[PDB]
Amino acid sequence: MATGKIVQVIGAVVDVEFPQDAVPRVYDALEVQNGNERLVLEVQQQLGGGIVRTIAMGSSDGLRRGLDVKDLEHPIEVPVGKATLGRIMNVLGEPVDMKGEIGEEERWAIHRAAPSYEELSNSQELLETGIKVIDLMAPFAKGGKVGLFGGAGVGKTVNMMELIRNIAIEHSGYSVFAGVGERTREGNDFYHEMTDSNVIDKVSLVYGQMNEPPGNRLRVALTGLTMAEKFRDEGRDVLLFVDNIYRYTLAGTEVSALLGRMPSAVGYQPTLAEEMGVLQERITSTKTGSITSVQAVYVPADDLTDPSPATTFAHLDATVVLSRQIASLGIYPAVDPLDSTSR
Amino acid sequence: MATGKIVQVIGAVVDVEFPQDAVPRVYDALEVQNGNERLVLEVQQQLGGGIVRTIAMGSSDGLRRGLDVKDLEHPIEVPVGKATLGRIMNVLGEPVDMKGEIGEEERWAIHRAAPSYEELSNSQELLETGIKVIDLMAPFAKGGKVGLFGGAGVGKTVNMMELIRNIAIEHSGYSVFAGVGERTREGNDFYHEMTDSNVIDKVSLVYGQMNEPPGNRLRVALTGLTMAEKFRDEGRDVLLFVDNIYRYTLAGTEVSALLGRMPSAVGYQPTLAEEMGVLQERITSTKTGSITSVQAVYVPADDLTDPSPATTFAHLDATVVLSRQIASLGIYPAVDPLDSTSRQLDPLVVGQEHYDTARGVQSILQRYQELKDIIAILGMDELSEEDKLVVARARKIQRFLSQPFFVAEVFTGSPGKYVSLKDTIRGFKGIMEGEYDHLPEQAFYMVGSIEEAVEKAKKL
Amino acid sequence: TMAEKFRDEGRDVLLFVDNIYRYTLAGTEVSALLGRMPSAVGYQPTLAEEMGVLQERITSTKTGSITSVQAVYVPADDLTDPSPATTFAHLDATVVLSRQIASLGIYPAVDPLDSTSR
Amino acid sequence: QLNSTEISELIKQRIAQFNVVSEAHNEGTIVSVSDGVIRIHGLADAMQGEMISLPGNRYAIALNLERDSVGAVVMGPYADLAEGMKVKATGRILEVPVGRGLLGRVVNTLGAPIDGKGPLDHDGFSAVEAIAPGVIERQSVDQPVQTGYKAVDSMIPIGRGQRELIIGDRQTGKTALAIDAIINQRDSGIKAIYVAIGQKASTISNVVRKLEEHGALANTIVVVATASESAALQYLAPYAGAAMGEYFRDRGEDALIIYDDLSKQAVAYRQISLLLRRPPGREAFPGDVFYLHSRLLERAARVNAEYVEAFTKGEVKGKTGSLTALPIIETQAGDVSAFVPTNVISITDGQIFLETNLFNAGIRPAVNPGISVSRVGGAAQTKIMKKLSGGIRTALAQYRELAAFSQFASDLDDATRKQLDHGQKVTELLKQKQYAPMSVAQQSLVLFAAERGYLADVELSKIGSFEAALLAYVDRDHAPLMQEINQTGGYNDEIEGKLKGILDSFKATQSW
Amino acid sequence: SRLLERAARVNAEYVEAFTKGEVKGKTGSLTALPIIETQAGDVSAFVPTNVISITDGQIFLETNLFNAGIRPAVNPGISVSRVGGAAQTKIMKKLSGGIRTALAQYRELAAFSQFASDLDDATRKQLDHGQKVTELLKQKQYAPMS
Amino acid sequence: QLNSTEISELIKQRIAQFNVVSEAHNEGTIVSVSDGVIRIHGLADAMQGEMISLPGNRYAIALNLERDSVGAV
Amino acid sequence: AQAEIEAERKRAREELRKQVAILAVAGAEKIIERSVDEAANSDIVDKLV
Amino acid sequence: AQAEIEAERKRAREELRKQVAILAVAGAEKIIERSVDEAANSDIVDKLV
Amino acid sequence: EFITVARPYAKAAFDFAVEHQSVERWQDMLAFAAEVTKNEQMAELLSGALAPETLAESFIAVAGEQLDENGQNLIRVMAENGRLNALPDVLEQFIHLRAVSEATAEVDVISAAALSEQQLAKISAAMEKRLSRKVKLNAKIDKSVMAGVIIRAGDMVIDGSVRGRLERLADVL
Ligand SMILES: Nc1ncnc2c1ncn2[C@@H]1O[C@H](COP(=O)(O)OP(=O)(O)OP(=O)(O)O)[C@@H](O)[C@H]1O
Ligand SMILES: Nc1ncnc2c1ncn2[C@@H]1O[C@H](COP(=O)(O)OP(=O)(O)O)[C@@H](O)[C@H]1O
Ligand SMILES: Nc1ncnc2c1ncn2[C@@H]1O[C@H](COP(=O)(O)OP(=O)(O)O)[C@@H](O)[C@H]1O
Ligand SMILES: [Mg+2]
Ligand SMILES: [Mg+2]
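Chains as they are written, first to last, in the deposited numbering: chain E, 0 to 342; chain D, 0 to 459; chain F, 225 to 342; chain B, 2 to 513; chain A, 295 to 440; chain C, 2 to 74; chain X, 105 to 153; chain Y, 105 to 153; chain W, 2 to 174.
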């Protein structure tokens, strides 16, 4: 039974009105019949008088005022577990490959609190990646964050594929690859290169690319992370790849501007260091398992002081720099050992 | 009959309330009695029910709430045709020269649509200015636009005076001068220079002075454009002089800030590029006639990167670059020959002779700019004997493309000279080839045709 | 006010103000809550009047004289911040300290190329 | 025209076919008018992105569906509108005509023909704001698009489905390079589209005259939003062009589209955004200006045979469709690191950086090696061009740095003296005249001449006359080889020997 | 602008009409010298931009010159007067052109000054002449010269 | 013209009897929730800096005592 | 061609003055369901030229 | 040249057709205004309802 | 204009009037207040910065024909917020809400002359089938239509006027 009414539509922002007592909570998901296709709205604010301001997880065009809105009593929920290995999904946990359907047994909400203080593992351990340059000059902490700073042509994709392979064969973990705000061409060729290397059977992919409305590019990273968390609970060691966290920051900035909040230090949203910490704090080792993360980072205007790099570097444990000079020498992986760093 | 009543006055911005049936449309001219003076208002916005938001064209002092407002059901509309020639008018098409009424026959509204791309006339007929450096290094065709970029004090206004005179008593075509953001001293000097030089009878002058409300300064470019478009319709090849585009963009910024629009990149108005396009798209040649135009562009703080000069570059066909260094050397006009350019400077439209002469002049001057520091450190007697000749020939070129203007006489006393393009090419082509290696350098300074150079050397 | 009372008794008085900048800063902190639109860098619209209303009455008269030394903090070492820039006009002798010279260890760290007197 | 019965029969057919009955429609009132934005009261069933019809056969786009009013932007002259006029809601989200029938005609953002030559014959309409093909529906770019310029086709190969950014300062041959690419597309399967944003009308008049003069116009659609037209038309144009191109893409054909001054689209979107009071961002551009350019350029794609087969409901089986975009960006003093330039550089797959100090030195086209790249690269390039061109880019970049060093070092090593000559000849060879596109065989044999040393005696000068004479000689005698090269693009030791024999015979027997 | 455009020279007929006779032949004049303060020498500010756009010329006083001892620290060549010689006695107008050219040459040849004894004597004579003119312009306060 | 957090059913409660202060000054109702900031209606007895107890076991800090509502975090 | 089309239009305009009489009655009779009144011609000829 | 003359022929034909359209529809308007009755108005309304 | 500020007050007044079975009295009460709001002297008082409480008392006094529940509460709440000038709209909104709950539509018809009362009754029954409400026709005699009728049912309109057909034909040409 639908109970709400759309009252405004301004770009990707949709306001819907509910009875005074049935008001949804903050991160609940609503849905609407936008013609034939159903559309999911994620609530962002509760305004006075039953009005609720939400952001559309899809194209906003075609929405009338007064459309009936149905209130799902839970946040966005996505499939998790073994069933998602080798598939491709969007933010909403829907297959955007064409292999049919995901036979998941269970669904998890993408929003939850980070591990509690008494739940973190009372130990510190290394992750043997099997690559000489990384293992020597920039070791990985099991449960740490790692930055990738190289450009293009330097073999970044082959590094990610080698990591995906080794974490599965030599260790006994899985991997999640969350591609946020990047080219569709590169995800297509990356899927083809992973299936042409028999590693596709060991990685689960989630994509929100540049052609996607802001909310998708915002929440795709949380979808990937909550799948990595379901792998963690099973007792495994997981790798989570974020193809560009700078685009997660930038989509948070776009959504903040759409909601009409005042601009922060360099125009970034006022909630930047919170939105970043809410993601990066879930990537930790626990006394049941661990999630390690490899994050491609992009520095605006080559400025390591800009608020986005400055906020990201607070969380990174290790830093691997890829250089074209090392590749011109025919040395692979093209890791620069002088600038590569680990704490 | 008047039907509006004033409901607000905040500076130059006035709000007027009308009956719901009769609301004036946008850009309509309203009229109100500011005491004994008659004030018109231009409708900027229809906001809310029956209220109308307007800019006062005259000064807003003395207005009070509840005054009656009559709406003239036409935009601001001005007299046009022969009757305008040799008069001074303001943005409203009212005379300010005290020579009595204009004695009009017809009036046109200042707001109108630009020609469509199908009505344009592709043309390549070069204009022949009386100025050596501009004819040589930056030729421009009928219907084209020319921008005189430079700082303050470099000679934009006197260059435009010289162009008006040369294209008014050598080629006898009409001209229109729209002084947006004029300085009253310079406007009076212009009026007396044109009345003394007998050209006043072929120039139509519009002034919006600096001490007038912002929108009054803004509209003036459209008033001068509307007169040039009347003269074009008659089949003439008119020439339109805009005294400073930078002050047009500043007037637009001011008007936009008064209306409370949200500002843009550098505080400029959001509509900056659309105002520039609505101005510059009406200035084009057509199958019946043509409007050529030259525009002075002040570059603030010496950067071509801020929104005003950056946004006007997209429309120009020729750009002349004036420099205060060259002027301080004492060479006028102070055109930098290396940095001024044109889209029409290629062999196919100017001929191979003109193109080769121009490229050779630029090459000689570049080589001299290279040799200058070797001369400074080593001294001239170390240069090779062909470089000691490039130096002298470049130094004579650098003299020869100065020129005495007819209007600069009051600054220098010497008479002006008009130089045909044929004589310009003949002179530079001779100098580069060594036909005048026997004359002093000062034989070329502030002369007209090369004949004056040889005759001065013979006198020197 | 206490300095003015000692001036009006015909005495001559020394007044030391240990950071005048804090007066304007407390005005900035209050200014937004009083419902006044912010100015150039956040400061209250009335920065120069608030400063001049205090600064103009700390002066010597024909009945008595006040000699005064004010410390004037400059935020973020920016000598062109509105509060220093609008303070400079009031004083007669301005001594400008600089961090570069202090980093040398050369105290007193006066910049002699910026300090001046009437 | 003496047969006035033609006029009377036209009017009689119009009167006869006039439909007398009327139908219900939903109607609102204009409450406010300012700067191109209108507020409408009513239209309870208006939908976001809908086309609202104003009195005068023009439209507004409903952008804001506020609780009690609709904020719409007028597409055309707004100034005659007034409070109290009544508007009707069309049931349509923003459409444009599409199809072969408008191929070779000039139209504006709404698909209305500004060409004068009568109405279009489209097939159906396409939604302007569409969604790109997904990750699984695309294919790798591995087919060449030839731009006809030796510099680009050798150094910076473009593939079908690539997005290559033409970026450079004002007046450096951006528009020329784009329209010469269009003119080259004549006699290829590629259909061309030119979207002019904010251009002055004289530029468009010249562009159309040059397109018809060189016969390329019958291939290409021209979409016009001139500098004086309302910002709504300038902002929403490239999406119309992209839909007209995507029609061909979805049918398994190849298209190429040029967006002239996306930076002017970003300025028009900034204006339309600020006039709606939307919060600003780094340089007053709205927050989503990236999502303005991204969702446009991501539509330029190559789509696999299963996607086109499923879309066209089985009517086409083997074809793969593609749409190739060449956006143009204007920088100020070459600061690539500006906001909108570094966004579009973060979106595309390469850039053709055009350098102004090369352009003024007569190096036209002024492509700058090193800083310009194609990340698709040699996969798109044809084999003969890939073989011949491998060195040219790095050879040119190192020549440029060495010739920068040279000015301070007279009397320099005789080994670098040869690199610095051969680089100066290759840099002299790669420039060419305004409207002269060159086929793959002509470029290939000129590059073979340059790479295999046949210049070193003629290295003197007159290398332009040498290049013209070489082309005319090869066109006279060895046309069956130019045919083989143009049809196959293949390269063999046999073809290597043939090209040696051609240059040996040319150098010994002809003049320049 | 509406403040500064009130400074004007007025012809004899305006004076004779305004005073309703009682004055004839004479011209009225009001000369305005506005002062502006810039923050660290930036001219790109708002109020400096407006006033630099309105007036007939500018006298730029710079702190780098004032510290070196060039007082008054007028920066020539960056400073403009659009009136020129028309507001000069013919003796001053005659004598000023060589000063302008000497300082323009000095400004062009200024860069080499940090390497003076690498230079040629011909340019050296211009460099040390431009220094002597710059030294000659210096003048003490409250000593007006006829 | 904008609303100021006066809404239909609170206006209805005031319609029932204007002097709703006849009810307890000790408590109120949440009216909006945005990014951790909360607006509360009622709490005539609230004092600035006070701990306000929410359902569950949570607290908010009363930052603003405005004309009709309390702003808290 | 300009002089040809000008005289061709001048010739057409006279005949269109006949045709407009018919076409105004056509346009009236098309849009009312009982046809228009005969011999009302005096007002149409007052409109006609 | 012939293509441009064809464009001018189109322009003149359209201008003439527009003038005759405007005159004919104003004529039909005055015809319908004079040439009406209640039996026709009732018949129109009865087709609408 | 202040539709948006009047919506909450109208909704509250109506939603209260149905709890106490007096919609019909509330409507006339609000109509009385909406008329007092228009007077030239009262409109001078409402613009004056009196304290909301005394301005409310200065407004209660001129209307004693008012419930304790209605005037002495609604007017005071609107005065505290300074909304009293919104009363003319709080009325219209109230009426509209009522027409919504009572499933009624105020269809308007426009014609060049009176309809036969068979035409008009057919119109009633046909609109009641087009819509799903009891219609309440009101006619207007506008001469510019010349023949036929315009039926306006809110934002929906059906145009059968000969002028509309004429101008549409004008644009088919
Ligand atoms: N290869 C070439 N050879 C000779 N001339 C050329 C060449 N390419 C461009 N030009 C000339 O250079 C000028 C500028 O070219 P174009 O209009 O393409 O520059 P643009 O960068 O597109 O201009 P803008 O940036 O102002 O829009 C034109 O006059 C054109 O004729
Ligand atoms: N470990 C490796 N061994 C051999 N070659 C490699 C290795 N890593 C990278 N390369 C080479 O570098 C190229 C880089 O291409 P690619 O991986 O597509 O770059 P990117 O992924 O950054 O776009 C690979 O195609 C391959 O030729
Ligand atoms: N050709 C010239 N001959 C003599 N003086 C000149 C010449 N050109 C410019 N000047 C001097 O420059 C001054 C101002 O020039 P102007 O044209 O007003 O510059 P701007 O471009 O700043 O308006 C004039 O007072 C005049 O003395
Ligand atoms: Mg000037
Ligand atoms: Mg261009």
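Here a beta-carbon is modelled for each residue, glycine too, at the ideal position from N, C-alpha and C.
Environment of ligand 2, chain-ordered: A151/E, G152/E, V153/E, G154/E, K155/E, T156/E, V157/E, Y331/E and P332/E, taking every residue with Cβ within less than 6 Å of a heavy atom.
Secondary structure remark: continuous beta strand (DSSP E) runs of at least 3 residues inside the stretch 347-388 of chain B, in chain order: 351-355.
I385/A has a beta carbon lying at 9 Å or more from every beta carbon in chain D.
Assigned with DSSP and collapsed to three states, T105/W falls in strand. Flagged as an interface residue toward chain W: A128/Y, by a C-beta distance shorter than 9 Å. By the beta-carbon neighbour count (other beta carbons within 10 angstroms, threshold 16), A300/F is exposed. Remark: the shortest separation between the CB of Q433/B and any heavy atom of ligand 1 falls under 8 Å. Shown in chain order are the members of the stretch 181-192 of chain E whose Cβ falls below 8 Å from a Cβ of chain B: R182, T183, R184, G186, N187, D188, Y190 and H191. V293/F counts as exposed, since fewer than 16 other beta carbons sit within 10 angstroms of its beta carbon. If you look at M159/E, you'll find it in the alpha helix (DSSP H) that goes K155 to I168.
Against chain W, the CB of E7/C has a partner CB under 9 Å away; the residue lies at that interface. In this structure, DSSP gives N33/D an extended state, which the three-state scheme calls strand. For the stretch 133-149 of chain W, the set of residues with a beta-carbon nearer than 8 Å to any beta-carbon of chain Y comprises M147, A148 and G149, in chain order. Sorting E169/D, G207/D and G146/D by C-alpha distance to the C-alpha of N158/D places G146/D at the top. When Cβ-Cβ separations below 9 Å define contact, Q123/X makes contact with chain B. Minimum Cα-Cα distance from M275/E among the listed residues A140/E, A220/E, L84/E and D242/E corresponds to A220/E. Taking a beta-carbon distance threshold of 9 Å, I31/B does not count as an interface residue toward chain W. Counting only runs that start and end inside the stretch 42-91 of chain D, the beta strand (DSSP E) elements of at least 3 residues fall at 50-55, 67-74 and 76-78.
Remark: the C-beta of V304/B is outside contact range of ligand 3, defined as less than 8 Å to any heavy atom. Taking C-beta atoms under 8 Å as the contact rule, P158/B and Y260/B fail to qualify, at a distance of about 21 Å.
The three-state reading of DSSP puts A105/Y in coil, since its state is none of H, G, I, E or B. Burial state of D414/B is exposed, judged by a 10 Å Cβ sphere holding fewer than 16 other Cβ atoms.
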